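Chemist: Just dropping this structure here.
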Protein chains: 4
Amino acid sequence: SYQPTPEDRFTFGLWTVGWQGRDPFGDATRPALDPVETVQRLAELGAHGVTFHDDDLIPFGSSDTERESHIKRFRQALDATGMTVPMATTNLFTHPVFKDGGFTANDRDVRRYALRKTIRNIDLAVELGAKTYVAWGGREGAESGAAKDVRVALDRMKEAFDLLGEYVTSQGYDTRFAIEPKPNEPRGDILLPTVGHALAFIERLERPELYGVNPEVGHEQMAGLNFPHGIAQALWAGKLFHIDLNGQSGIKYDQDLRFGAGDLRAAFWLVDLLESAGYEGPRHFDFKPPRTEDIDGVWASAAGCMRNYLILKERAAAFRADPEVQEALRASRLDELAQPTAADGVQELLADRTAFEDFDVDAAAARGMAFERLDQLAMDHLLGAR
Amino acid sequence: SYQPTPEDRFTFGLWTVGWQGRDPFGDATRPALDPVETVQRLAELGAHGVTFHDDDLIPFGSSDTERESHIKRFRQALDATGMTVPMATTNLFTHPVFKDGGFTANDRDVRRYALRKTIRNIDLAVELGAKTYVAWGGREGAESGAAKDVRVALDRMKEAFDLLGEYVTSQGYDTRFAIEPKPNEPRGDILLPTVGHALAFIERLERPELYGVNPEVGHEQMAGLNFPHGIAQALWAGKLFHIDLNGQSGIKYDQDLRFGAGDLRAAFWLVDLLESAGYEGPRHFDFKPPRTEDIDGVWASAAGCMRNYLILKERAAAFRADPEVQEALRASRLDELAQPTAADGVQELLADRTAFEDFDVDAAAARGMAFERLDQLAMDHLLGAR
Amino acid sequence: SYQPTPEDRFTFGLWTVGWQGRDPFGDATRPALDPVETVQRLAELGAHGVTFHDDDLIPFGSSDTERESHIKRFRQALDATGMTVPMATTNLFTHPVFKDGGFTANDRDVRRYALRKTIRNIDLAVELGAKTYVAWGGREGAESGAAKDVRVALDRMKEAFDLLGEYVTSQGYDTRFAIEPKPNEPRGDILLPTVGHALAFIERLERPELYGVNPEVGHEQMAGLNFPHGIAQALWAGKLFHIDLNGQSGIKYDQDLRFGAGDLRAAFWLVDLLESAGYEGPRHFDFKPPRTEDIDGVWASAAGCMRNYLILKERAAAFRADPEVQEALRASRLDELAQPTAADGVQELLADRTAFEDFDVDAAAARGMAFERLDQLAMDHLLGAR
Amino acid sequence: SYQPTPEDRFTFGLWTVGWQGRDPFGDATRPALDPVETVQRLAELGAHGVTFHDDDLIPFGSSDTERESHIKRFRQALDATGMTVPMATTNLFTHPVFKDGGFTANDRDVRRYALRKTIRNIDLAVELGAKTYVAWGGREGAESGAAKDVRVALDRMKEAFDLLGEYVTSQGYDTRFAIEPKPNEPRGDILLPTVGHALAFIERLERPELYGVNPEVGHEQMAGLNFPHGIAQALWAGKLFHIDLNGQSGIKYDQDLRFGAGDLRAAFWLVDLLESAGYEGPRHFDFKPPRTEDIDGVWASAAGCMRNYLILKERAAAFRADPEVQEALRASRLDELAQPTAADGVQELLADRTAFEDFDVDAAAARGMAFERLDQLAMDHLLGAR
Ligand SMILES: [Mg+2]
Ligand SMILES: [Mg+2]
Ligand SMILES: [Mg+2]
Ligand SMILES: [Mg+2]
Ligand SMILES: [Mg+2]
Ligand SMILES: [Mg+2]
Ligand SMILES: [Mg+2]
Ligand SMILES: [Mg+2]
Ligand SMILES: [O-]
Ligand SMILES: [O-]
Ligand SMILES: [O-]
Ligand SMILES: [O-]
């Protein structure tokens with residue numbers, strides 16, 4: 001089975017299946033896809049909805065009449081298919097004017113233009129029903145040390161987000177923001193490089209409750225971090241507003257492989273976490289079909305994204321349901337991890353001799369954790385060898 | 001010149017110059033140093049003070065009389081040399097009982113013991129005059145996915161730090177805590193893996209003002225991150241309580257090279273930031289003299305740490321003082337980065353046609369940033385070619 | 001399920017299940033294992049043989065009488081179980097005399113001592129039946145640039161291996177040598193860091209036929225390289241003499257996880273390669289049971305190594321046997337890669353206008369490669385969803 | 001200061017200063033440069049020559065008449081300046097027909113076309129005076145495991161290079177070939193990923209003498225390797241035919257920063273090696289002026305490449321000439337590494353009791369190597385603090 005239906009909340013950006021295959025060393029290997037045809041083809045595949053950057057839907061520099069016309073025909077395909085727009089974003093990285101950033105460009109006039117460009121697209125995203133507005137500052141950063149004073153750049157980043165927070169509050173919009181972290185590329189180093197850095201930054205904004213994170217699998221893996229661990233921290237903070245799924249095979253350039261490819265065990269632990277934590281947002285795929293592929297390989301790749309999530313969902317649920325796994329978890333004391341360390345308080349802990357002076361350190365040091373047996377049960381379930 | 005004096009606030013852990021050279025594949029190549037002799041030799045080198053883990057000063061398992069005796073003779077060398085103890089920490093990673101962690105061990109009784117072990121050493125660190133108490137959770141984490149539920153582990157981590165916050169508040173101690181992030185090693189992945197992750201975690205503690213970060217050069221570089229950028233975020237947050245200086249040559253095992261070795265340009269931008277931001281805490285070295293070295297190579301390595309900071313301090317100050325550099329910074333518009341984007345407010349920005357409808361995008365896109373000329377002036381000053 | 005047999009050629013080092021758990025930040029968590037108990041327990045698990053470093057078997061410093069006793073007891077356990085010894089190696093990294101190397105130490109006398117220690121163990125390995133003698137220069141390298149002139153050190157490395165070749169040739173021994181590459185750890189950089197570098201060096205020895213490589217999964221992955229691609233090149237060269245199997249989750253310290261853990265798709269493509277190329281040597285596991293484990297967890301991790309190889313062997317055989325995969329391989333023109341580019345020579349090619357002057361570049365550019373549809377069939381077979 | 005002369009052999013690719021700034025997330029920021037203006041401007045800066053890909057000089061698709069005109073104008077600028085063309089290469093990566101490779105494309109016809117396109121440019125390079133023809137197989141590789149059988153692809157790679165060797169031998173051309181390794185990007189994994197892998201492959205060609213390597217600083221650093229060590233092995237092998245100089249700050253996308261930027265101490269040890277080994281080929285810069293720059297910044301970045309090499313050349317010469325460094329090298333026994341381990345052979349060594357039976361292992365283990373004191377002298381010379 002593993003057939004996606006709308007109920008599975010699978011979404012795709014216009015820019016993913018529509019990537020023409022232009023990379024740093026080569027030209028486009030595929031023609032551009034029309035936005036109406038992408039909506040059509042994804043609804044046929046079992047997708048729930050689509051997302052967009054403003055310049056994906058409306059070619060940069062369009063007159064107001066060309067814009068209207070682009071939004072009308074898109075909105076029509078959405079009505080015709082039952083497709084939703086859960087999220088939208090701004091392109092603040094392609095046009096040469098953003099070569100030193102959008103919100104943190106050294107030129108003040110470019111920072112003002114970046115904000116107006118964003119605000120215009122927040123109005124459109126709300127009209128189309130988007131609840132989450134993503135911000136990926138891919139050009140915010142530097143290749144050299146004196147080019148960007150980072151404390152002042154963070155003053156300008158906080159100013160920009162506070163300004164957008166005031167704007168949606170004044171308009172009464174029901175939209176929240178999600179910051180997408182990336183450690184590098186296209187800049188040598190990008191500001192707010194990981195989930196952690198974006199979550200700490202949010203706590204310094206004027207209205208923190210309006211902002212969360214949109215982590216991407218491949219981005220945290222570009223810094224060699226454990227993506228399931230970063231998502232668990234964002235969930236613990238109540239800040240996982242959206243998530244971008246794809247694959248990455250290690251620390252190198254950002255590959256955007258289809259979900260499931262790259263680190264397959266990390267994809268298994270991520271699905272197990274999303275499903276057991278009850279995440280209810282879109283399962284969004286931000287990937288690129290390899291430029292070796294024609295348009296049928298594009299839809300084959302898009303279908304494999306959804307198929308791999310559904311296969312892993314089944315294996316993670318079977319794992320957690322297994323009495324032998326529930327037994328191995330008690331053996332590794334994951335139940336004791338859930339008990340408070342000292343709900344009796346610091347003064348009872350300090351007067352407790354079994355916690356220190358009479359604690360038998362070597363009896364405790366000799367208890368094996370039985371983590372390898374547990375992990376081989378997880379490997380067996382992933383591989384269907386049970 | 002480049003001669004360290006106490007005034008330069010250079011500090012060293014007992015565990016740094018005293019590392020015997022035991023690594024994963026080999027035995028100790030040097031004898032243990034007595035703590036009194038380390039104090040002596042570092043005061044002679046121009047060091048301001050020393051730090052310790054409890055088990056560095058008092059051998060694990062010492063009776064109360066062996067403990068008293070170890071603290072008396074140490075305290076005596078400190079009085080005799082004028083050496084200070086600015087910071088202290090707990091060893092919650094060497095003894096086998098901490099094989100699954102201290103504060104986040106799955107076994108509850110080990111988590112209670114880890115807290116009592118810590119509290120006993122907070123009392124001693126306050127008595128010796130330490131103002132900062134560092135927490136490096138090196139055993140908090142996992143090699144496999146089901147071994148550690150990370151949301152619950154963070155419940156236990158927050159519980160532990162809140163418990164220590166209540167303890168020092170109740171005792172009226174003037175000590176703050178600093179969390180030291182590390183992405184991996186000795187665990188496959190460590191919780192709170194970077195500066196960003198530790199800063200976001202602190203905002204969820206009961207008394208956030210009691211906690212900051214103690215970043216280490218080599219640790220952020222093990223995730224390929226820009227260490228000067230991470231320190232700028234911690235300074236912007238008002239959370240840089242302490243800093244550990246050393247060298248790392250890339251993403252690999254944690255090398256702990258002497259400061260200045262590893263990424264030399266990153267060391268130059270770090271000193272430029274510390275000195276221009278007015279950091280006033282200790283310049284602490286957490287490094288390991290290579291096990292190829294005898295005890296004279298140990299003191300040669302320790303002296304090079306301080307010499308390299310003083311050379312880079314001089315080159316960074318000369319750079320910033322140069323009128324030609326001040327001119328290149330105006331040319332790259334670092335002065336415009338300091339201007340507010342929209343102090344006129346969102347409604348004036350929205351009614352400003354020069355910010356969007358009449359903005360000349362291509363005139364702005366054509367302005368070069370002159371960042372390469374600026375960076376070659378920084379290279380010239382670093383190398384003393386001006 | 002999936003039982004290990006004799007004919008599977010699974011072997012283990014004495015140092016793998018015998019690892020006591022000591023790492024750079026912690027003490028041993030397990031008791032030392034007796035070599036004869038290791039032989040017994042591994043025979044019980046379905047292993048075909050065991051390997052050893054000389055100091056695993058005979059304690060460094062044992063007179064020629066305890067050496068006698070140690071070899072006698074050990075050979076007894078092998079006699080009793082039918083266990084074989086396919087390979088042996090020298091420990092030229094643990095003792096402090098090897099702190100700057102064995103074969104390439106700057107001190108001449110340490111290099112002579114290193115060669116005498118190796119030759120003593122080549123005699124023992126041959127009489128126990130080993131056909132392959134592994135060299136892992138863990139200490140050959142540097143933490144700094146002027147400490148080691150690498151061209152001269154390669155002269156010394158070549159000299160050591162040529163002298164070893166002369167010795168086994170004058171003795172008439174059947175044994176061949178296999179270099180084990182590793183990019184770093186315990187040295188900042190190790191000489192002959194990858195499979196590629198070791199294959200090139202072998203070509204400069206006086207008897208290249210006596211020497212091949214012994215690549216390890218996690219070591220090539222410490223440099224972010226594709227381990228199956230590196231094994232395909234060692235097999236193309238006719239130099240894959242032995243292989244070390246384990247797991248690694250990224251570029252970081254050497255983990256030595258059990259085979260299957262780490263990069264699970266790389267383990268699948270490795271098994272598919274080994275089995276389709278008909279590699280017939282030992283499937284040797286060089287891994288470390290995590291120090292979180294007691295001795296039951298050690299045997300559970302050793303059994304998981306074998307189980308994972310056998311599950312992947314079955315999934316890879318099913319992938320290649322599937323008629324739809326054979327069809328997808330023809331569709332991606334994997335059969336056409338096996339056809340010679342220009343079997344009728346360079347003047348044939350130059351005289352062919354369809355190769356240049358009349359080649360339709362756009363029709364060729366538009367053929368899709370259908371690689372994503374082939375990779376999802378491989379993904380379905382691995383996960384048993386086919 | 002530090003002026004570039006002719007005799008310094010500094011060369012640049014047409015594609016380096018000519019890079020228009022287009023990357024995977026952004027459009028070109030600079031106008032295209034005319035090849036004759038590039039020749040003029042670089043002659044003015046003190047460059048000795050220029051290099052080119054065939055499609056840098058002649059637009060893909062130009063008839064044999066625009067080809068004529070393009071070569072004529074270009075040769076005119078060279079005639080007028082005295083600029084030389086030391087090396088040339090083929091673009092087998094930009095056009096979509098090369099999406100799965102040139103020499104190792106699965107389609108036979110694309111491989112024939114790739115060889116005809118290369119041979120056409122070998123004829124042009126020879127008449128312009130190039131002695132080295134570089135091959136960079138940027139598209140040779142895969143993003144997935146069954147897309148490319150690597151043993152067969154190495155058969156095709158060897159076949160392509162053997163046919164090129166036959167062609168230049170039957171023409172009597174003086175030119176030699178140089179393989180440029182790169183571990184990844186634009187392919188997930190590229191074949192012959194490091195200097196080591198390319199040196200081993202060369203040993204399997206029918207005429208190994210015609211082929212060497214062209215390593216690039218940032219490409220070996222993309223795999224975390226030590227670039228000076230890799231160059232020492234290519235020089236030991238007699239295969240350093242050419243070298244590409246630039247900067248890279250870590251394992252991430254290929255940056256191509258100007259030489260000196262990135263890992264500055266690695267650039268110091270590289271210059272020290274090149275100058276002490278008497279390398280006499282071009283010092284070629286393969287870098288990209290950041291897209292933040294206008295054309296004045298492009299020429300400022302190109303001048304910085306040359307300046308940095310000349311400052312490092314001077315600092316490295318001063319380090320080796322210093323009597324205290326010569327003394328520190330004797331103290332670290334760098335003179336003793338040059339002495340043969342056992343010049344009087346294996347039976348000499350076996351008969352020597354001072355090599356084993358009477359060698360005092362503890363006195364040898366306790367000699368310190370004094371490597372930190374030597375490295376701080378190197379650090380003092382680099383920073384001009386001596
Ligand atoms: Mg991405
Ligand atoms: Mg994304
Ligand atoms: Mg460290
Ligand atoms: Mg530290
Ligand atoms: Mg290993
Ligand atoms: Mg091994
Ligand atoms: Mg490059
Ligand atoms: Mg190059
Ligand atoms: O992305
Ligand atoms: O450390
Ligand atoms: O290993
Ligand atoms: O490049």
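Ordering of the structure tokens sets the chain letters (A, B, ...), residue numbers begin anew at 1 in every chain, and ligands are numbered from 1 in the order given.
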Mind the document's chain letters and residue numbers, and return as an mmCIF file with C-alpha atoms, in the first residue's frame the residues of region 20-157 of chain D that DSSP labels strand (DSSP E or B).
Modeler:
```
data_model
loop_
_atom_site.group_PDB
_atom_site.id
_atom_site.type_symbol
_atom_site.label_atom_id
_atom_site.label_comp_id
_atom_site.auth_asym_id
_atom_site.auth_seq_id
_atom_site.Cartn_x
_atom_site.Cartn_y
_atom_site.Cartn_z
ATOM 1 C CA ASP D 23 25.602 30.514 -7.846
ATOM 2 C CA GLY D 26 21.280 33.669 -7.239
ATOM 3 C CA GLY D 49 49.988 33.895 -18.100
ATOM 4 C CA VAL D 50 46.403 32.850 -18.499
ATOM 5 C CA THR D 51 44.588 29.438 -18.847
ATOM 6 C CA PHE D 52 41.210 28.549 -20.381
ATOM 7 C CA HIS D 53 38.513 25.984 -20.864
ATOM 8 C CA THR D 84 51.761 32.939 -22.019
ATOM 9 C CA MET D 87 47.809 25.097 -19.465
ATOM 10 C CA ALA D 88 44.380 24.556 -20.995
ATOM 11 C CA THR D 89 41.374 22.335 -20.170
ATOM 12 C CA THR D 132 49.957 20.779 -19.442
ATOM 13 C CA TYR D 133 46.406 19.799 -20.274
ATOM 14 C CA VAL D 134 44.121 19.519 -17.216
ATOM 15 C CA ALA D 135 41.235 17.081 -16.833
ATOM 16 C CA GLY D 141 30.180 10.226 -10.432
ATOM 17 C CA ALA D 142 26.741 9.746 -8.903
#
```
Chemist: Can you tell me which residues surround residue 336 (chain C) at a distance of at most 12 Å, considering only C-alpha atoms, apart from same-chain residues fewer than 4 positions away, and format the answer as an mmCIF file with N, CA, C and O atoms, in the first residue's frame?
Modeler:
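Result went into part-v5.cif, see below:
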```cif
data_model
loop_
_atom_site.group_PDB
_atom_site.id
_atom_site.type_symbol
_atom_site.label_atom_id
_atom_site.label_comp_id
_atom_site.auth_asym_id
_atom_site.auth_seq_id
_atom_site.Cartn_x
_atom_site.Cartn_y
_atom_site.Cartn_z
ATOM 1 N N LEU C 329 17.768 -0.974 -14.708
ATOM 2 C CA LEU C 329 19.191 -0.785 -15.022
ATOM 3 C C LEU C 329 19.432 -0.565 -16.520
ATOM 4 O O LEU C 329 20.262 0.275 -16.901
ATOM 5 N N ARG C 330 18.703 -1.292 -17.396
ATOM 6 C CA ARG C 330 18.734 -1.069 -18.841
ATOM 7 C C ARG C 330 18.200 0.315 -19.202
ATOM 8 O O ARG C 330 18.780 1.032 -20.017
ATOM 9 N N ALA C 331 17.098 0.741 -18.568
ATOM 10 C CA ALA C 331 16.581 2.084 -18.730
ATOM 11 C C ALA C 331 17.587 3.195 -18.329
ATOM 12 O O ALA C 331 17.592 4.242 -18.972
ATOM 13 N N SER C 332 18.468 3.000 -17.332
ATOM 14 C CA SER C 332 19.469 4.001 -16.936
ATOM 15 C C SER C 332 20.809 3.819 -17.651
ATOM 16 O O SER C 332 21.784 4.502 -17.350
ATOM 17 N N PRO C 340 32.709 -0.537 -24.629
ATOM 18 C CA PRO C 340 33.865 0.342 -24.895
ATOM 19 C C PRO C 340 33.444 1.610 -25.619
ATOM 20 O O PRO C 340 32.558 1.604 -26.481
ATOM 21 N N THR C 341 34.006 2.742 -25.202
ATOM 22 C CA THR C 341 33.772 4.006 -25.878
ATOM 23 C C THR C 341 34.194 4.005 -27.336
ATOM 24 O O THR C 341 33.450 4.485 -28.188
ATOM 25 N N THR D 104 32.766 9.150 -18.444
ATOM 26 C CA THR D 104 32.078 8.043 -17.805
ATOM 27 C C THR D 104 30.544 8.193 -17.808
ATOM 28 O O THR D 104 29.823 7.619 -16.983
ATOM 29 N N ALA D 105 29.989 8.975 -18.745
ATOM 30 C CA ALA D 105 28.551 8.963 -18.962
ATOM 31 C C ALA D 105 28.104 7.516 -19.303
ATOM 32 O O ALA D 105 28.847 6.745 -19.911
ATOM 33 N N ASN D 106 26.907 7.091 -18.847
ATOM 34 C CA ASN D 106 26.380 5.771 -19.167
ATOM 35 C C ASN D 106 26.101 5.646 -20.659
ATOM 36 O O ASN D 106 26.264 4.575 -21.241
ATOM 37 N N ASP D 107 25.718 6.740 -21.320
ATOM 38 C CA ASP D 107 25.488 6.748 -22.768
ATOM 39 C C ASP D 107 26.803 6.796 -23.544
ATOM 40 O O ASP D 107 27.577 7.735 -23.369
ATOM 41 N N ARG D 108 27.044 5.777 -24.380
ATOM 42 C CA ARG D 108 28.238 5.673 -25.184
ATOM 43 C C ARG D 108 28.482 6.850 -26.101
ATOM 44 O O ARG D 108 29.612 7.319 -26.260
ATOM 45 N N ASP D 109 27.402 7.356 -26.676
ATOM 46 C CA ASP D 109 27.563 8.426 -27.621
ATOM 47 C C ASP D 109 28.044 9.742 -26.981
ATOM 48 O O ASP D 109 28.803 10.490 -27.609
ATOM 49 N N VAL D 110 27.658 9.999 -25.715
ATOM 50 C CA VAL D 110 28.078 11.207 -24.990
ATOM 51 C C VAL D 110 29.574 11.086 -24.658
ATOM 52 O O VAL D 110 30.312 12.078 -24.703
ATOM 53 N N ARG D 111 30.031 9.881 -24.345
ATOM 54 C CA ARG D 111 31.437 9.626 -24.092
ATOM 55 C C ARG D 111 32.272 9.874 -25.338
ATOM 56 O O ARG D 111 33.345 10.476 -25.253
ATOM 57 N N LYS D 148 25.757 4.077 -11.083
ATOM 58 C CA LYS D 148 27.105 4.006 -11.596
ATOM 59 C C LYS D 148 27.792 2.814 -10.976
ATOM 60 O O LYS D 148 27.887 2.685 -9.757
ATOM 61 N N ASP D 149 28.181 1.856 -11.840
ATOM 62 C CA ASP D 149 29.032 0.749 -11.438
ATOM 63 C C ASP D 149 30.442 1.344 -11.480
ATOM 64 O O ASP D 149 30.964 1.577 -12.567
ATOM 65 N N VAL D 152 33.322 -0.427 -13.634
ATOM 66 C CA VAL D 152 33.154 -0.283 -15.075
ATOM 67 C C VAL D 152 33.426 1.143 -15.479
ATOM 68 O O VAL D 152 34.005 1.394 -16.528
ATOM 69 N N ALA D 153 32.950 2.082 -14.669
ATOM 70 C CA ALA D 153 33.235 3.491 -14.933
ATOM 71 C C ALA D 153 34.758 3.757 -14.886
ATOM 72 O O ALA D 153 35.274 4.542 -15.685
ATOM 73 N N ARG D 156 36.013 2.728 -18.257
ATOM 74 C CA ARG D 156 35.774 3.811 -19.203
ATOM 75 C C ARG D 156 36.650 5.045 -19.012
ATOM 76 O O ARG D 156 36.961 5.766 -19.973
#
```
Chemist: Please extract the residues at most 8 Å from ligand 1, counting only C-alpha atoms and all ligand atoms, and provide them as a list in words, using the chain letters and residue numbers of this document.
Modeler: residues 182, 216, 218, 219, 246, 254, 255, 256, 286 and 287 of chain A
Chemist: Filtering to N, CA, C and O atoms, could you give me those residues as a CSV table (one decimal), in the first residue's frame?
Modeler:
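Dumped everything to selection.csv:
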```csv
chain,number,residue,atom,x,y,z
A,182,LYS,N,20.2,27.8,8.4
A,182,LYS,CA,21.1,27.0,7.5
A,182,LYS,C,22.6,27.5,7.9
A,182,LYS,O,22.7,28.7,8.1
A,216,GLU,N,15.2,22.2,8.6
A,216,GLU,CA,15.3,21.4,7.4
A,216,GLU,C,16.4,20.3,7.7
A,216,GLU,O,17.4,20.6,8.3
A,218,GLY,N,18.5,18.4,5.9
A,218,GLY,CA,19.8,18.6,5.3
A,218,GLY,C,20.6,19.7,5.9
A,218,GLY,O,21.9,19.6,5.9
A,219,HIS,N,20.0,20.8,6.3
A,219,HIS,CA,20.7,22.0,6.9
A,219,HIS,C,21.4,21.7,8.2
A,219,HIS,O,22.6,21.9,8.3
A,246,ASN,N,13.8,16.4,3.7
A,246,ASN,CA,14.7,16.0,2.5
A,246,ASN,C,15.8,15.0,2.9
A,246,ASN,O,15.8,14.5,4.0
A,254,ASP,N,24.7,21.6,0.0
A,254,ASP,CA,23.3,21.3,0.2
A,254,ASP,C,22.7,20.6,-1.0
A,254,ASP,O,22.4,21.1,-2.1
A,255,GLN,N,22.5,19.3,-0.8
A,255,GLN,CA,22.0,18.4,-1.9
A,255,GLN,C,20.5,18.3,-2.1
A,255,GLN,O,20.1,18.2,-3.3
A,256,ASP,N,19.7,18.5,-1.1
A,256,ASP,CA,18.3,18.4,-1.2
A,256,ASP,C,17.8,17.1,-1.9
A,256,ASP,O,16.9,17.2,-2.8
A,286,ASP,N,11.1,20.0,0.9
A,286,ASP,CA,11.9,20.9,0.2
A,286,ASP,C,13.1,20.1,-0.3
A,286,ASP,O,14.2,20.1,0.3
A,287,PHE,N,13.0,19.6,-1.6
A,287,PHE,CA,14.0,18.8,-2.2
A,287,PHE,C,14.1,19.3,-3.6
A,287,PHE,O,13.4,20.0,-4.2
```
Chemist: To one decimal in Å, tell me the separation between CA of residue 136 (chain A) and CA of residue 10 (chain A).
Modeler: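 Taking CA of residue 136 (chain A) and CA of residue 10 (chain A), their separation equals 20.5 Å.
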Chemist: In terms of the shortest atom-to-atom distance over only C-alpha atoms, which of A:348, A:373, A:92, A:385 is closest to residue 298 (chain C)?
Modeler: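 Closest to residue 298 (chain C) of all the choices is A:373.
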Chemist: Counting only C-alpha atoms, a student should be able to say which residues of chain C come within 10 Å of chain B; what is the right answer, written as JSON, numbers by chain?
Modeler: {"C": [21, 22, 23, 24, 25, 26, 27, 28, 29, 30, 91, 92, 93, 94, 95, 96, 97, 98, 99, 100, 101, 138, 139, 142, 143, 144, 183, 184, 185, 186, 187, 188, 189, 222, 223, 248, 249, 250, 251, 252, 253, 254, 255, 257, 261, 262, 290, 291, 292, 293]}
Chemist: If we count only C-alpha atoms, what is near residue 72 (chain C) at a cut-off of 12 Å, once residues fewer than 4 positions away on the same chain are taken out, given as a PyMOL selection string?
Modeler: chain C and resi 35-36+57-58+65-68+76-79+124+128
Chemist: Could you pull out the alpha helix (DSSP H) residues of region 83-251 of chain B, going by DSSP on the backbone, and write them as a ChimeraX atom specification?
Modeler: /B:108-127,150-171,195-202,217-221,227-236
Chemist: Since we have the selection now, will you write its residues out, keeping C-alpha atoms, as a short mmCIF file (atom, residue, chain, number, x, y, z; two decimals), in the first residue's frame?
Modeler:
```
data_model
loop_
_atom_site.label_atom_id
_atom_site.label_comp_id
_atom_site.auth_asym_id
_atom_site.auth_seq_id
_atom_site.Cartn_x
_atom_site.Cartn_y
_atom_site.Cartn_z
CA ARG B 108 17.55 8.12 38.72
CA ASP B 109 19.92 7.24 41.53
CA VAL B 110 22.96 8.27 39.35
CA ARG B 111 21.22 11.64 38.58
CA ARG B 112 20.85 12.30 42.35
CA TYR B 113 24.49 11.39 42.99
CA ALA B 114 25.57 13.71 40.09
CA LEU B 115 23.69 16.64 41.75
CA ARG B 116 25.22 16.02 45.25
CA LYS B 117 28.71 15.68 43.66
CA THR B 118 28.13 19.09 41.98
CA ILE B 119 26.73 20.84 45.11
CA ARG B 120 29.66 19.71 47.26
CA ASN B 121 32.05 21.29 44.73
CA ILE B 122 29.98 24.54 44.43
CA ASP B 123 30.58 25.08 48.19
CA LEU B 124 34.30 24.64 47.75
CA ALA B 125 34.57 26.85 44.60
CA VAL B 126 32.77 29.80 46.45
CA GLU B 127 35.20 29.47 49.42
CA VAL B 150 15.51 13.86 24.28
CA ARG B 151 12.40 15.85 25.40
CA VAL B 152 12.43 13.96 28.72
CA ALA B 153 16.22 14.26 28.98
CA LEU B 154 15.76 18.04 28.63
CA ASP B 155 13.09 17.87 31.40
CA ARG B 156 15.77 16.20 33.59
CA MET B 157 18.48 18.77 32.44
CA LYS B 158 16.18 21.73 33.27
CA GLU B 159 15.30 20.05 36.62
CA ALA B 160 19.01 19.71 37.52
CA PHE B 161 19.92 23.33 36.72
CA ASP B 162 16.83 24.71 38.42
CA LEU B 163 17.76 22.67 41.49
CA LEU B 164 21.28 24.12 41.53
CA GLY B 165 19.74 27.64 41.02
CA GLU B 166 17.57 27.21 44.08
CA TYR B 167 20.56 25.92 46.07
CA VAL B 168 22.86 28.91 45.41
CA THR B 169 19.93 31.37 45.84
CA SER B 170 19.11 29.80 49.25
CA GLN B 171 22.78 29.96 50.33
CA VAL B 195 26.26 27.89 21.71
CA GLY B 196 22.87 28.42 20.11
CA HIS B 197 21.32 25.35 21.68
CA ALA B 198 22.66 26.25 25.18
CA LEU B 199 21.37 29.91 24.88
CA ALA B 200 17.81 28.72 23.88
CA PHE B 201 17.83 26.17 26.74
CA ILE B 202 18.69 28.86 29.32
CA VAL B 217 36.88 27.56 20.18
CA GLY B 218 37.47 23.93 19.12
CA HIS B 219 33.91 22.72 20.08
CA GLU B 220 32.02 25.08 17.75
CA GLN B 221 34.61 24.31 15.04
CA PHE B 227 33.33 30.73 16.39
CA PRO B 228 33.58 34.62 16.24
CA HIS B 229 29.89 34.62 14.96
CA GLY B 230 28.74 32.41 17.86
CA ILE B 231 30.55 34.59 20.43
CA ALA B 232 28.94 37.73 18.84
CA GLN B 233 25.48 36.16 19.41
CA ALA B 234 26.30 35.25 23.07
CA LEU B 235 27.59 38.84 23.64
CA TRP B 236 24.48 40.30 21.95
#
```
Chemist: Counting only C-alpha atoms and all ligand atoms, figure out which residue out of B:375, B:296, B:263, B:180 gets nearest to ligand 3.
Modeler: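 Checking each candidate against ligand 3, we get B:180 as the closest.
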